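Overview (structure and organization)
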There are 4 protein chains.
Amino acid sequence: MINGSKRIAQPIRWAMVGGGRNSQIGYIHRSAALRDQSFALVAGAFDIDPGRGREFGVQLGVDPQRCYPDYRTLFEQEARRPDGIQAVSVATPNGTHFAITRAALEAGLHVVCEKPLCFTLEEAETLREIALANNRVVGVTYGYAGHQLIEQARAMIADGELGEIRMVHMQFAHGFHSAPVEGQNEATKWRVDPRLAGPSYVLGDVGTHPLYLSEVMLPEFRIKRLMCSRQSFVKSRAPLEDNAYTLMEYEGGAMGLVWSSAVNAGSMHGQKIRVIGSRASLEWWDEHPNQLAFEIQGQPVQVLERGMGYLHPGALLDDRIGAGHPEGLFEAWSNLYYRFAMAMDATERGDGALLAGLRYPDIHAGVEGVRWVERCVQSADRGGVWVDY
Amino acid sequence: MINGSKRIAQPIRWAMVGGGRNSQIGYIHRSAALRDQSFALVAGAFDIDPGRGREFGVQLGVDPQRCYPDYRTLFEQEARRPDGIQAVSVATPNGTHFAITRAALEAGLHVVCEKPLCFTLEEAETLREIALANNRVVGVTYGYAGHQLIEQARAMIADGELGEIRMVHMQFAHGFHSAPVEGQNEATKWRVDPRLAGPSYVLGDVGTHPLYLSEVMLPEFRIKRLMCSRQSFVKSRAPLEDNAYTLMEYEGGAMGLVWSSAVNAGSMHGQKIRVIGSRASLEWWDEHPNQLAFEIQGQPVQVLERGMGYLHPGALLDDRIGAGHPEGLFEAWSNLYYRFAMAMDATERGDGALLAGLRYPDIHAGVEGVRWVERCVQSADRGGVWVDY
Amino acid sequence: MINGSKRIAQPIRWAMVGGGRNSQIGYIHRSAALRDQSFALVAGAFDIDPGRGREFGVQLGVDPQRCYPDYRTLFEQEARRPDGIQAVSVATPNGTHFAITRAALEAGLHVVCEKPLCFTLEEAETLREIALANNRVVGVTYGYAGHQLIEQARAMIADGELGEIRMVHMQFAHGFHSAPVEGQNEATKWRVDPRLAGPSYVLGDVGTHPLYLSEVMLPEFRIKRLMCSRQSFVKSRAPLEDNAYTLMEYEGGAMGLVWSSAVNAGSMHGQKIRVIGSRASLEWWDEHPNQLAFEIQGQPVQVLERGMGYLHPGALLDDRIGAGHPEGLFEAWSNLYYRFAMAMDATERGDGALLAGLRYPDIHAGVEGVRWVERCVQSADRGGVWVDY
Amino acid sequence: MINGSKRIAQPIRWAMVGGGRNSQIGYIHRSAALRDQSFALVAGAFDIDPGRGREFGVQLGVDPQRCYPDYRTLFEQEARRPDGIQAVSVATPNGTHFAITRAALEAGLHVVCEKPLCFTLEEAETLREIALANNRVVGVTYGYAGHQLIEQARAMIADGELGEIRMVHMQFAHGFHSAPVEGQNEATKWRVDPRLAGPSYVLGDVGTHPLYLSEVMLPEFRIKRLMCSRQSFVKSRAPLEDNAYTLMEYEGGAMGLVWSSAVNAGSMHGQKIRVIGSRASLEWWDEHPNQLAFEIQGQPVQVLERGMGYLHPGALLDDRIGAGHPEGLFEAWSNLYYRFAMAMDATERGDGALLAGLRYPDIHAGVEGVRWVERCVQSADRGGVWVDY
Ligand SMILES: NC(=O)c1ccc[n+]([C@@H]2O[C@H](COP(=O)([O-])OP(=O)(O)OC[C@H]3O[C@@H](n4cnc5c(N)ncnc54)[C@H](O)[C@@H]3O)[C@@H](O)[C@H]2O)c1
Ligand SMILES: NC(=O)c1ccc[n+]([C@@H]2O[C@H](COP(=O)([O-])OP(=O)(O)OC[C@H]3O[C@@H](n4cnc5c(N)ncnc54)[C@H](O)[C@@H]3O)[C@@H](O)[C@H]2O)c1
Ligand SMILES: NC(=O)c1ccc[n+]([C@@H]2O[C@H](COP(=O)([O-])OP(=O)(O)OC[C@H]3O[C@@H](n4cnc5c(N)ncnc54)[C@H](O)[C@@H]3O)[C@@H](O)[C@H]2O)c1
Ligand SMILES: NC(=O)c1ccc[n+]([C@@H]2O[C@H](COP(=O)([O-])OP(=O)(O)OC[C@H]3O[C@@H](n4cnc5c(N)ncnc54)[C@H](O)[C@@H]3O)[C@@H](O)[C@H]2O)c1
């Protein structure tokens, strides 16, 4: 159980780049980071419009003199103060993640970087080498992985409760972009611009979420080959896809399927992962994150509930209220952010034992997300043929 | 509404080949055929064990002298009687469908043939030419197509309620063969024998069901290309697949996906079809056949119910009881079988107007089912590459 | 499993009174009765309009000379023929059930009587004495009790799987009469006329269905006291109720609740029964009759599926197709009607051993349904006070 | 939308009484209060064990010298400091709510009081008079009322979308106390002690939650009469009930039903409210708080989703993330707590216009909760008879 007791001596001194007044994702970063004394928001470069960034920073309780016009000034000016930031969350559009993360790491700061890490695998490999050389934590906000029942699924699979794993069926298929909403909505507009978004739309934007859930649940699984067929149903998005099918062969013969979509008309979110074994399946759906289907062949189907005593102990650690009270995605994000804070603090203290026991989406998860999108785009561009992973 | 009033002057004089005492499917054929004065069971070759076939025929109320040891004797002996059969249902294992259907057609009998029609497209084309030359009806028991809400979905799509069709997502993924049950179960045993079952297991056995539903809903849709990746997770079934992924490109750019499986551990049936348009999606699930999800992007999701006045008139014709009372797969099969009887009777009477207005799974549907399986096996055998359809 | 093999040597020679061309319930009687060689429809008094009754009888394949204008002529004329009826189903409006059932019993016929048996407990007691004196079977069409999982629930309760029973929560709450549809619909019109319907509307029409399910599941349970508060929300129905709450105390301290409604706007049927024990609950919903919720406190909830090997053997006897294929209310009614036929045939043969092992809704169930409605009306009329049962 | 911008100039200086290290509810108070700069936790009397209260306060970041041994010392010592508390949340067991709230109000502090306000209506009336005389805000943590779709339901009802309201069906029926867990669990133990808990267990503990939801949705509705039948199924709890049925007549003829239970074996929470009108019903379930069923008679059922543009504007104000991302009970509590802070700040500033537009569970809601429990206990003690409300 969590009761708000501190996990580190003092909150990590913290800034955001992006996540400004009109952003989609800025708020959940702060909601999760400020919770339970993990981080303190003392500075930021909140907006591309520096005037609006400072107006908003002040409404967030930030010193107007620590609302900087850009990330370079933020890092340089904060470095001069003994109470300067120790960590920065990057919530800008995708095109700036590489440059901002690189600069933060070279400035000796820990980073939480919005997915994706960057556009290309070569950039991802460079970022990872710079993070490791500078001994910095890089969290990546695969936020759904914060839900307790993802750890339950991992533990059940590891204990052989599904038998031998045969298939991993993943989807993130919503309908919000069935129409060309780019015309009116700035957040969608930049996501269908290859200059600002990169080589893919839905593969990178939504496909990588349930992919990361499969990596938490099946940590030893390795993709041998994949093929990807992708479409721009809203023709103006071409070459960026608003729908894709990724079929994968894992080492050992298991199969993987990822359906990525922003044109699944009527779907509110539709992020699901079903892991199918020789004995049993489990299935999780992000819109109802407090339940996990557990279906042993030839037995009654079961539903596992967040907070119940029959769960693996790893799956009960982060309960903030008793079973039957619904937790949501803010709890999942809070569960990642306190781990980010413990990892950053542990790094500063040289607490190697604590570091090694902490599990969170990190630089390595970020690299794999970029690798997968790049291989999918390579297959799709060659007309949906099998490629070596 | 249906109230049991006759649709033809007299029940079609009818026989079964197969569907004996220990069969899985024999009973639903009779339940549907005998309902509402459609067919009268007057003869049969019910079993590979002729003694057990006659024992069972007598318990079905059939004259023991009209319980014949084989289909050839059935057709020859019945031809001698003025009250001889006019039609025969073929519910034998897959390997005998071609020979029995061919003999029945050449004997001037109407046929209801269990899916699949036969193993090869060349056999299917031959059967169809013989059915047409002899002016015989061949029904095919794509039984799920008898559910009223399949016609509702067809009518909604035709009226543009989904907008332009983008994707057709189909699955028939159950878990009953997660373990090697072939060891104890004769019905599964013959299905994993290529000599008796043919070139595929789950593609032919279950994949063709939701494929046929898509052909009812999207009658003008044409597959341009497909690829199929198939697996034998129970290794002893090789080369017959217990799992398969079929990805299809339709003419006009829409995509199709079929997941066929007998190893989806914990799944009771899992036959679903989701049609996704630019405006809205619909989705139907065979285990809850009296509801149809209708999901307009940006509006509340809706559930359409069997028997309600807001349905298209085609979708209300076959209601046997008021909305809210659950109908099941026996009603769906009864809805096909009365149409089979009307078509057979209309053929005898030369009632061309009635024939042209009747919609049922016919010889042409049977040919397409065989074509699709054959193309999938061709792609799968070449390592899951795109093939022209 | 059922495979259509005869259960009695010859079909019971059978008539209907009512169930004519425009009736709601006539068809499901015939669908269930004619199935599997149980009954043969050889005569009827189908309609209050004798011309329309004969037109319809002929379309049902009945000899026009055995389409009689009334039940008295039916019984008198059939008595003269060696192939005369042996049994009659009564599907007339409620007001005529007593007179028609009494006449059939005095004529030495077995009866299947539509619920309710009659208006008053004194009439019910008289009917029962006449049925017993004449050694006749009286089936009552509590059709939902034919669903296999009702027997599963009975068996689980009897084996202590719920622990000590604490509460029985019952509802049959649909919305079809939220508006005054009596204006246009003859079936609703007679149900809100006390002269033709009797002392209650929804208590008798729908409340008695889940009440009977509780009597199957908890056969030793006895109601000690009840109170009933009833409303006419469509004011013109007064004094007949379109909504009611019945609260009951059982002997031993368990509580019962029945919500009866025709004004639950938006509800398609809403017949549910939840039995709550010290250890676990089970819950069944008529619109999804092939599943049974089984919820052990402190364990994952389970869903039990029709046709699965983990069910009690009593619950597998009536399976007509494999698990995962949806059966519906026609199967439930067919399961009662073959038992009615076996009981009638067993009575004629003096097969006391078979009779004693048969379980079906009978004269005694019919009497209890009338008793419960009468006590509820007595409480409601006294302003919803506790009455001795 | 909420983006974390301040709603008042400075966070309310805040304390808790109770909500200590081992409490069930202490954490959600702090999670909601500290969010978005609403309150600052600067002091507390956290625990009956003052040593453990101070240990925990320090882990919450509170000055050890402002971790006081009791509420009287907290109020007296804080009054001496210019940075003293302005408001206090009371999260002690029920028996101390009256004395602590009274003392806080007399000390000129705003209060958030855990439900229930107190044991007796006479105490409730006294507390309310003292709150009003001292011009203090008293929030009451009917936390479920913070869910956006409760406001959607209120707005739909007010706009006549349900037609005339006929029934209000409420339940809070969980199974966690099916067994005598009081033996091992201190939180359950005090709830079944009349000295510490008061005159009821489940009526007060859970029944009052969906009752308050009905008061938000139907603000002009007035209970004319009610009856209550209550049971102690775990006999040792007598006279405190672990199950109850409350039937109510509203002025104007609508009916209300509340099922309160801690012995609904297998239920994870089971808090539901269904409002049934002449035209349509709506239904909300606390375990899936982001959906609202909307069921127009004779139309397809609909599901309304949190965050969608078709919602009433009142129902979109508190969205913290886009539609399809699940919010939970922490958001609901955060939505109450920021309103509590705005009301307290508005009271200090004399901003009468802002005060009058704020809607939150207040002193008046607290009084009604106590009134309802007291009337239910009065009816139950007289053997479940109608009492004037
Ligand atoms: N579940 C998730 O983890 C999740 C969900 C949504 C968004 N995201 C990711 O978060 C990032 C932002 O997404 P969004 O939807 O919030 O975008 P958005 O367009 O809604 O917000 C962008 C914000 O960054 C600011 N900004 C832009 N350029 C800047 C610069 N150079 N310096 C400082 N501020 C700058 C803008 O003013 C704005 O406040 C993307 O990488 C996106 O993929 C992740
Ligand atoms: N939904 C559907 O349409 C559906 C479902 C299941 C089965 N089927 C099809 O029905 C056919 C039979 O399937 P099943 O599962 O009932 O098989 P099964 O093995 O359970 O039954 C085979 C039956 O045919 C009899 N038989 C075998 N060879 C015969 C012969 N030469 N002459 C006469 N009788 C013979 C057997 O004795 C037995 O009664 C197959 O083609 C299968 O694919 C269709
Ligand atoms: N689940 C169930 O068991 C269920 C469901 C619905 C109906 N019912 C019961 O079935 C009975 C009929 O209900 P319904 O909804 O079908 O009614 P309905 O009004 O739809 O049908 C009445 C039928 O009886 C005929 N009829 C009327 N009076 C007659 C007479 N004196 N002699 C011969 N025929 C006569 C009418 O012409 C018509 O065909 C009622 O008792 C009703 O409660 C039971
Ligand atoms: N949804 C809701 O609003 C909700 C849910 C649960 C609890 N509650 C209410 O919250 C209150 C507490 O419930 P709980 O389940 O957390 O109880 P609990 O027994 O779990 O916690 C009681 C806490 O108060 C402390 N305490 C006890 N007496 C004290 C005193 N005199 N001074 C200071 N601290 C003291 C204890 O040490 C402990 O920390 C009750 O009134 C309960 O009804 C409301």
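Residues numbered from 1 in each chain as written, not as in the entry; some residues may be left out. Chains lettered and ligands numbered in written order. Heavy atoms only, no water.

Judging from the entry metadata, X-ray crystallography is the method by which this structure was determined, and 1.75 Å is the reported resolution.

A look at the relation of the copies chain B and chain A
The condition is simple: Alignment of copies: least-squares superposition, C-alpha atoms only. Here a residue-residue contact requires only that any non-hydrogen atoms of the pair lie within 4.5 Å.
When chain B is fitted to chain A, the residual RMSD is 0.0 Å, and the transformation amounts to a turn of 180° plus an axial shift of 0.0 Å. On this basis, the relationship between the two copies can be described by a two-fold rotation axis. Residue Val385 of chain B, judged by its C-alpha, is the member of chain B lying nearest the rotation axis, at 3.5 Å. Counting the interface residues of chain B, we find that 100% of their copies in chain A are interface residues as well, pointing to one common contact surface.

A word on the packing of aromatic side chains
Residue and element names in this part refer to chain A. Keep this limit in mind: Two aromatic rings, drawn from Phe, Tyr or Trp (for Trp, its six-membered ring), form a pair once their centres lie within 6.5 Å of each other, and the interplanar angle then sorts them: stacked below 30 degrees, edge-to-face above 60, tilted otherwise. Helix and strand definitions follow DSSP, with helices as H or I runs of at least four residues and strands as E runs of at least two, each counted in order from the N terminus. Accessibility here uses a 1.4 Å probe with only protein chains present; expressed as a share of the type maximum, an area under 20% marks a residue as buried, one over 50% as exposed, and anything in between as partly exposed.
Following the criterion strictly, the structure yields 44 aromatic pairs over all chains and no others. A centroid spacing of 6.1 Å and a plane angle of 75° characterise the contact between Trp14 and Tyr337, whose relative ring orientation is edge-to-face. Separated by 323 residues along the polypeptide, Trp14 in strand β1 (residues 12-18) and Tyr337 in helix α10 (residues 329-349) bring together distant segments of the chain. For the pair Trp14 and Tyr337, a shared accessibility class is recorded, and that class is buried.

A closer look at the packing of helix α6 (residues 148-158) of chain A against helix α9 (residues 202-217) of chain A
Residues and elements named next belong to chain A. Put simply, the test is: Only the stretch in contact is used when fitting a helix axis, every axis being a line fitted to C-alpha atoms; angles between N-to-C directions are given from 0 to 180 degrees. Each angle receives one of four descriptions, namely roughly parallel if under 35 degrees, roughly antiparallel if over 145, roughly perpendicular if within 65 to 115, and oblique otherwise. Throughout this entry, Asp, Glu, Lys and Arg are counted as charged residues, while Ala, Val, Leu, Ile, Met, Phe, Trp, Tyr, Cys and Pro are counted as nonpolar. The remaining residues, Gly among them, count as polar.
Between α6 and α9, the least distance of the axes is 8 Å, while the angle of their chain directions is 45°. The pairing of α6 with α9 is recorded here as oblique in orientation. On α9, the residues that touch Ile150, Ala153, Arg154 and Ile157 of α6 are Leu213, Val216 and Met217. Taken together, the residues that form the contact of α6 with α9 break down as six nonpolar, no polar and one charged.

A closer look at the site of ligand 2
Residues and elements named next belong to chain B. Heads up, the rule is: We call a residue near a molecule or strand when any one of its heavy atoms sits within 4 Å of it. What qualifies as a polar contact is a pair of N or O atoms within 3.5 Å, subject to a donor-acceptor requirement within protein and to the restriction that residues adjacent in sequence count only when both atoms come from side chains. Using a 1.4 Å probe, accessible areas were evaluated by the Shrake-Rupley method; residue-level cover was limited to the displayed protein chains.
In the vicinity of ligand 2 lie 24 residues, with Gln24, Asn94, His97, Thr141 and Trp190 positioned nearest. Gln24 has a polar side-chain atom sitting 2.8 Å from an oxygen atom of ligand 2. Contact between ligand 2 and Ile25: an oxygen atom at 3.1 Å from a main-chain N or O atom of the residue. For ligand 2, whose unbound accessible area comes to 860 Å², protein coverage reaches 88%. Taken together, the elements giving at least two residues each to the shell around ligand 2 come down to β1 (12-18) and α7 (186-191). Looking at the shell around ligand 2, the element that brings in the most residues is α7, giving three residues.

As for the interface of chain D and chain A
Here is the rule we go by: Buried area: the sum, over both parts, of the accessible surface (1.4 Å probe) that disappears when the two are put together. Salt-bridge detection follows one rule: a side-chain nitrogen of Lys or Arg within 4 Å of a carboxyl oxygen of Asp or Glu.
Of the residues lining the interface, 41 residues belong to chain D; the matching set on chain A comes to 41 residues. Taking both sides of the interface into account, the surface hidden between chain D and chain A amounts to around 3,300 Å²; carbon and sulfur atoms contribute 60%. When the buried surface of chain D facing chain A is broken down by residue, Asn3, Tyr27 and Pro326 of chain D rank first, second and third, together holding 20% of it. Counting across the chain D and chain A interface gives zero salt bridges. At the surface where chain D touches chain A, the tally comes to 23 residue pairs in polar contact. Broken down by secondary-structure element, the contributors of at least two residues to the side of chain D that touches chain A are α1 (26-34), α2 (50-59) and α10 (329-349) of chain D. Looking at which element gives the most residues to the side of chain D that touches chain A, the answer is α1 of chain D, with four residues. Split into classes, the residues belonging to the side of chain D that touches chain A amount to 17 nonpolar, 13 polar and eleven charged.

Points about the sheet that holds strand β3 (residues 87-91) of chain D
Residues and elements named next belong to chain D. What counts here: In this description, strands pair whenever DSSP reports at least two bridges between them.
The parallel open sheet is built from five strands, whose spatial order is β2-β1-β3-β4-β5. Whereas interior strands pair on both sides, the edge strands pair on one side only; in this sheet they are β2 (39-45) and β5 (138-140). Strand-to-strand twist in this sheet, taken as the mean axis angle between neighbours without regard to direction, amounts to 25°. Sheet topology note: the strand β1 (residues 12-18)/β2 ladder contains six bridges and is parallel. Bridge pairing links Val17 to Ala45 in β2. Sitting on the sheet, helix α4 (residues 97-106) touches β1, β3, β4 (110-113) and β5, and the angle it makes with β4 is about 165°.

Topic: the interface of chain B and chain A
Chain B puts 38 residues into the contact, and the matching count from chain A is 38 residues. Among the residues chain B hides against chain A, the three largest losses belong to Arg166, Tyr245 and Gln297 of chain B. Together they make up 22% of the total. The tally of links between chain B and chain A comes to zero salt bridges. At the surface where chain B touches chain A, the tally comes to 18 residue pairs in polar contact. Counting only elements with at least two residues in the side of chain B that touches chain A, the list comes to β6 (165-173), β7 (223-231), β8 (243-250), β9 (255-261), β10 (271-277), β11 (280-285) and β12 (291-296) of chain B. Counted by class, the side of chain B that touches chain A contains 18 nonpolar, 16 polar and four charged residues.

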